[PDB]
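A short write-up of the structure that comes next.
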Amino acid sequence: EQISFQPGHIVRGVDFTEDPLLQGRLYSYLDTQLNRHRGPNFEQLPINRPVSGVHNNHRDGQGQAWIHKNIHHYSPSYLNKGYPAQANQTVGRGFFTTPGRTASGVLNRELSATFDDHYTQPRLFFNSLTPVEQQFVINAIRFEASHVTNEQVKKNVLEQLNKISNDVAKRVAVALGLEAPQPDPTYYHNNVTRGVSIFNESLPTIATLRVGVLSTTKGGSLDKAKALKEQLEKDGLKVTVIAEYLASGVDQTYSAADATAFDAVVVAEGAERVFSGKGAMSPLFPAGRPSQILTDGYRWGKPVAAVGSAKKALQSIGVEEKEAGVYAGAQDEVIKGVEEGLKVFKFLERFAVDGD
Amino acid sequence: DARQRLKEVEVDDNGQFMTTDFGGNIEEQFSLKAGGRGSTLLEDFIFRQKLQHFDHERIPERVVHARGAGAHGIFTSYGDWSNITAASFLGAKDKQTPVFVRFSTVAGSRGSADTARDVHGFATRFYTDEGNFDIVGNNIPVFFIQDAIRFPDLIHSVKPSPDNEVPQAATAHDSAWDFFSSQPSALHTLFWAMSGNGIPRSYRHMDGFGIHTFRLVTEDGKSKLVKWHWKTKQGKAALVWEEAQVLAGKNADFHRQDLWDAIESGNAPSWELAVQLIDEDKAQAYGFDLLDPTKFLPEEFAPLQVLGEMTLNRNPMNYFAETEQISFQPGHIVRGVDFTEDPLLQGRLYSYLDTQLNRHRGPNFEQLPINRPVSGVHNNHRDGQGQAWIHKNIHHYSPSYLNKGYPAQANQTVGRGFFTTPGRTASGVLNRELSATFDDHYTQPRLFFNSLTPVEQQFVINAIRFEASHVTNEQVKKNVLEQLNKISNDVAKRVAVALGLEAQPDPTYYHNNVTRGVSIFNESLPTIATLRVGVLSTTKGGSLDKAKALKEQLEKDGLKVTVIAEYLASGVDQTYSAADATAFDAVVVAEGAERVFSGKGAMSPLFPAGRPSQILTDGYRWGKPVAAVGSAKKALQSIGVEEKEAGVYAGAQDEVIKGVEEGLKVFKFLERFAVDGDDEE
Amino acid sequence: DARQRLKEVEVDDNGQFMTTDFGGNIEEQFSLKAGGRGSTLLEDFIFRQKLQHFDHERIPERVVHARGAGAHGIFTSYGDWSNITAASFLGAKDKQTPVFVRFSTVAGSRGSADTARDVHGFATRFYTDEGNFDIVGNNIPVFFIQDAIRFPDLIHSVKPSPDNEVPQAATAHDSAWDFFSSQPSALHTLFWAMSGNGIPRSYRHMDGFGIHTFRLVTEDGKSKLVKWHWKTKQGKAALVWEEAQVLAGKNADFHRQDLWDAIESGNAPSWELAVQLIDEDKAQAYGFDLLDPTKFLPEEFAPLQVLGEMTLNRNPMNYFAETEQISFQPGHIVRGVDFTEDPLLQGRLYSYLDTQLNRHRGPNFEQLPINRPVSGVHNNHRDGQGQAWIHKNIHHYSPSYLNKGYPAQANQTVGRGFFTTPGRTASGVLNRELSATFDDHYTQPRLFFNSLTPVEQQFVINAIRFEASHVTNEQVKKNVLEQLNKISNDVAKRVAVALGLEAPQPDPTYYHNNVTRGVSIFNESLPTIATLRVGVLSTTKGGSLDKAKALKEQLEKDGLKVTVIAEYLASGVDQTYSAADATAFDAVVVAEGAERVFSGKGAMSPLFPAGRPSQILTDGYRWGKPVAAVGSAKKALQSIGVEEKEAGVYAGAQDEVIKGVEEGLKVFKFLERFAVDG
Ligand code: HEM
Ligand code: HEM
Ligand SMILES: [O]
């Protein structure tokens, strides 16, 4: 909470540029520490202290934590013998502004005309995402803009999106009940660039990813869930065994469990008894909670699985083993499948695209 | 070294390159500019981090006692006093505890003169091994008011008028004497402040008082009422008002320079810690209520018992970080000491904790190096502005299974915890009154006046005369007269003369009782070490060689000698232009220097006209020992002083040295001050 | 009434019962206690709200200029100055703007003496109808340093030594003169502070200067370089150092009481606002760079042109809320004015905004009554500590469809917005350097010294002699002499005498004999003696008091403040000898018959310190004041070795003394009583 970042925390060998956003940040971060720490000595706090040593003629201030020896706290001075001494580019490893930087032109309250294109690179970014990745962007916009009560603002938003892509504006306009505007091709283009997409690449490792194992205290499901858990942990996964209560080997109750906590959900064999009938109706958890966890995990694109007879749990929510990211069969097959699925992480086959 | 613990926070910049406050070597003598004669750039991070720290240097001055100075030292107990207190720092003979002491005035702001007339603060912190114990005292044993809720009224009335902020550091204005006359409990402290206690010669020449009755408590819970006393081993000594006034202009740092010089020269000042001890069942047995802070306990009823000695022998390294930032509290109490139901002390406990939030602008001020105890802090406090530690215990609450019970409760029988005096009780109705035992506002002011010497009494009357003559309102002055008349009809009569008001007796509280230990001028000093002699000389003739030999012999006795002349020739410490009699405790004219007291040598571009005659005149008129060697006798003659007057020494070097050193013990020669009735025909 | 807008925040407690800060009538003279002699209860909410507020009264003093006093007034424009500036408060003849001015010293803390020797602040706020415009000036036209990044260095060196915090409000110590000699740009302001400008008689007797070159800008963007000047209508007047030292102890409030009294008695002080105006192309035309704040522009090259007059006629009602809390800023600029590339001014703009965060502990200090503009505040700032308004505009951002564009942008053409001078350009490399045109630190100090009268020069010599003699380090004193030698060989030699050192050989590089007008104090008599003060030394015995009353009545007819002094406060006596000192008066007059307290029995009363009447008269003579005695009282003058034929000493009948004293007060200080080297 106390650490105080600053873009002006710069060292020899680095300099700024005339980026007008950066320029004002340098002022704002120093000044704002005076509010958050109500004093000028916040760099003396342990988490803010440098390791290299502080030697200057600053004194006093609220919460002054040091006692300075040098009583000639000024420069230049004969009485301190020139110490602390000036450092620059040539002596003392001092900071220095880049020697070649020049100023030229009128003092202005303006921005360079070179800044005026606000649409090309939004179009470039959208172009460089996968089709369902693109649909995530449009569905975010659809959700967000649907909260705007003012009609004119919504049309203003559409007018601006239409300058990025006519198809984006058309697809957002449907959610808003607004007309598809006519193409404004000035900034349209089809170029792509690497390194901006998330969903076009599988994960380099699955270590620390979380597997929820839905089990039950009745029968022999928990012993199988423990065996499933110990194998998954060998790959560096964090595995939570879930049941009706905290029996031996249970990490969490159904009452406290949610699919949002896990990157994969697998039903232990025998636990299909909590997905329909009497085992699904219990005072120890909200009605339908095990089915809701599997439904959530499926609908949010996670790897989902069931071992042996627990395939019935997949059937009870209309999910088929045919599907990508869905695994059934015996334990070793489900383990290998779930582990492969975590590399994919999100199975975008389960998300509808406009006109698909 | 009493400052030893502070060495881990000390910063040495010698031999180093300049840096920012976040590291990185820099230059910070030129702003970054857009072109040769261009404007300064916002990206000059070096400029802004430099000037931001400058712009935020100041913190609020103390709401009272803003003006003062302090030093580190050692307290040594003279014995194992566990028969009267469980306090650790008093638990063994020759047990040593580091101290810090700050002295101060009260009314004036941070930059006002040391030699204003005022009550003086005398605050000691003991860094004991069972926490910080503070005795936040004054150089006067009684306070103005009886209930802490009245403190803003007193302080508002003696501080400057709120419309023009006039006058600085002075009680000599309408509102102060309106309050003194409307709130007669104030008359006792007023008399003390009108005496030598109001204009002491130095911090080292003051006694100190806790004022309040406190309690000492033993391990088994038995208690005794106690008054704290500091007895100066340098002797009490005071100026005269007409000299203190000039000194306020010539050297506003007179007292803080005095203490700093005494410590640097190896003449560390000392005070003995002494107590008066009273049985609980005798709290109301000495003619007043010992809960009443407007009273002191006469030593004839309970004598002083010395417990130990404090010696102040280290100056601070950075005044701001140590002296300005230190936060005294009467709530800084330890096992073996307890409070009393004194209604003034009661509210102080709240007020000194609260005011730290204003001065330090955060609740972690006890983490400042000068405020930290040496004994260790272990509790469940967390966060706060400027939190300087990183706590390991994540279970920051009690009671708790998870933290195993630690940090654990300490009380009377476990962990040497603090405990309130076990026998203390409350009885009666909740009330907004004061006990009728507090009613007498005049008897002890009269006892104090009765116990001063005749010229000392005249100093008191002349201070009131000076102060009350500044009161513009006629009725306030008459109100002051009526209240003074209740203490002493003669005092009221003699004050009335100066005010042009009419002199009748009101004898309800009159009496003739005296008590010891409240006078200053009835006793000579036990040592003249560190006292200052100004040797007036000249650069023409042989006077300087003689002045140097005079200085040499005087310095052998521990005196600080300043040889003065027209310019800084070899052997001269100060010029006449820069010299004034207020800086010295005695003035000696070196032989031959009589040439600068008349004729050509007295009119020179190098110093103001008449300056050597003025230094000698001031010195004589202010009661100092004055002297002239050999032919310099003529300088005494030129100002009309005779060679055989008390405290005047003429003759050869050896007898002058001897006479001056004897006169420094007397310190002030009071036959030079007229007393009412002296001028009658 | 200049204070009219402040009347809605004034609070009258007369006729009322005491309350808490949250309402409810209370008593607050007794703590709540458990039993008759019992402990105070935590539930005494009355006690804690009263003491909490007292406990938190103090705010940090100003980092510099901590010691000062101020007043309200009116500024009146003498003309329509639209030909040189778009500034609205200068836009019509007889246009009136409320002002508040604070005067100050620099080094001392809040309780330090007014008559310490120092540079003096002279800060003026115009509450214009287009925002607050501050001229944050000094009583001296040049500053110590050339780049704002060196301000902590200067101030640390002048302020008390950081080990013991000694000395208070004084440059007379090692670190300051080490700095003056290590940083030679400081010598010009140093000389000014060593002159009468360092010990002025009153705030009302100081000129004022913006110091920096600014720009005036017309509606069409044309600009002129400008120097701001305040010219006192009371005349410039100074004390002598040996007098200012005594006055520092006898009345630390000498200057703040002088201004308070003058306003309260109907003697409102006035200053004329005047400018020097030069073209852009003159920035380096006069042998120095006009961006250099260690140089002033001689009036021979550009004369003063008066624009209007300011008169201070209202004292504050609450010092703290008005004088203490007011926050000046050179950034308080309005349309029609612009900055220059003065590297000292440049950094001030950052510093005064930032420091308010420390002094007021929050971002809303402009909302305080003394800081508020009269022209209205409309922007999208919100929240912050102590937010005192309730904003109606919920769309607190721009640009925005939903707020319909309001508040709207204002610039040169729309809405009378501020605008930077359109022709200003930047050229060259980013640099941490100063222009070589800033190099000469000695010519103008010499010019200043050359332009003082011979005794006025001795005062500067004797100030340096006094100051430098406190420097304990031998080499620093030698470095001082080497730097003084570059200004004047004679100055160095005369200074070296007091130091017992040998002055270096002449260094003629910067020597010259040029003089310039308007920088001297003692070469001009005072234009008015109104508000000047006469101490009348009388006695209660005999008929002296009646004559002193008649002498007082006649003197008051010429606008003088008269204090009749005697042994005690008899009828007609203003002050006792015990309370009196010569520092309080501009002239001292012994009333006939009062010679009886200068010798014999009458001089030995217990009612005052020995010799007090003779010391008052002695002090007044030696400090250069007009002194006089009526009739038989000339024995008092003879008792101190002074005689009637001297300049500024008057004797004879009452009619003769009054006429002589009043004309002597115009001269103010008689310089024939001060010895000059040689
Ligand atoms: C016997 C009565 C009193 C004595 C001997 C006394 C003594 C002192 C002393 C010596 C100081 C300055 C300590 C230092 O040098 O830092 C001080 C400060 C102070 N006093 Fe008192 N005082 C008394 C009464 C009171 C009362 C009744 C109150 C309020 C209820 C009060 C409130 C304060 C405050 C708020 C400070 C400022 C503390 C700080 O800023 O650190 N005093 N007092
Ligand atoms: C020509 C040069 C300067 C002049 C004429 C000048 C004048 C003044 C004056 C008159 C005040 C007192 C305002 C008042 O009465 O409240 C003041 C205060 C102050 N000055 Fe300057 N000064 C100068 C240089 C500087 C510089 C170079 C800096 C820093 C870069 C600086 C920083 C400050 C600050 C921080 C205050 C305190 C303001 C406040 O607390 O409200 N000054 N100055
Ligand atoms: O300043």
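Just so you know, these numbers use all the heavy atoms, side chains as well, and skip hydrogens, waters and symmetry mates. As the structure lists them, so they are numbered: ligands from 1, and atoms in each ligand from 1. Throughout, a chain's letter reflects where its sequence line sits, starting with A, and its residues are numbered from 1.
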Report the relative orientation of the aromatic rings in C:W192 and C:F209; use parallel for angles under 30°, tilted for 30 to 60°, perpendicular for over 60°.
perpendicular
Closest candidate by heavy atom, reference atom 10 (C) of ligand 1, pool B:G137, B:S104, B:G70:
B:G137
Which protein non-hydrogen atom lies closest to [atom], naming both residue and atom, and how far is it?
atom: atom 15 (O) of ligand 2; answer: C:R102 NH1, 2.8 Å
atom: atom 38 (C) of ligand 2; answer: C:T355 CG2, 3.8 Å
atom: atom 40 (O) of ligand 2; answer: C:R359 NE, 2.9 Å

Proximal atoms of ligand 1 relative to B:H212 (non-hydrogen, under 4.0 Å)
1 (C), 2 (C)
Run the numbers for me: atoms of ligand 1, each under 4.0 Å from some heavy atom of B:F328, listed by number.
13 (C), 14 (C), 16 (O)
Residues which pass side chain to side chain donor-acceptor pair (under 3.5 Å) with B:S351, listed by chain and number, not counting sequence neighbours
C:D55
Side chain, backbone, both or neither: which part of B:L51 has a heavy atom under 4.0 Å from ligand 2?
side chain
May I ask whether B:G68 places a heavy atom under 4.0 Å from ligand 1?
no
Please verify whether a non-hydrogen atom of B:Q356 lies at under 4.0 Å from ligand 1.
yes
Tell me, please: is C:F122 in heavy-atom contact with ligand 2, that is, under 4.0 Å?
yes
Please report the number of protein N, O or S atoms that lie less than 2.8 Å from atom 21 (Fe) of ligand 2.
1
Do any nitrogen or oxygen atoms of B:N138 come within less than 3.5 Å of a nitrogen or oxygen of ligand 1?
no
With nothing but distance in play, are any N or O atoms of B:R62 less than 3.5 Å from an N or O of ligand 1?
yes
